[PDB]
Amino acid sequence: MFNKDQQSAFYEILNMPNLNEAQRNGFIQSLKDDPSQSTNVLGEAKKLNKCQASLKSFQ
């Protein structure tokens, strides 16, 4: 995670508890592959973490 934005999004994503491992790994892979997408990746991950809480309450 070479730049400040990558590093910041990385730690936010590592700490999103409602993501499954594949989801989490896919977001961190995106941060590495497409550093310019760091802000969009982090926003998508925060949304998905919130949505995954609805899925938990449905089961």
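So that there is no doubt, residue numbering starts at 1 and follows the sequence shown.
Per-chain ranking of the deposited C-alpha B factor places residue 51 in the highest third.
In this PDB entry, residue 14 carries a Cα temperature factor that places it within the middle third of its chain's modelled residues. The PDB entry assigns residue 20 a C-alpha temperature factor belonging to the highest third of its chain's modelled residues. Among the modelled residues of its chain, residue 3 has a C-alpha B-factor that falls in the middle third according to the deposited record.
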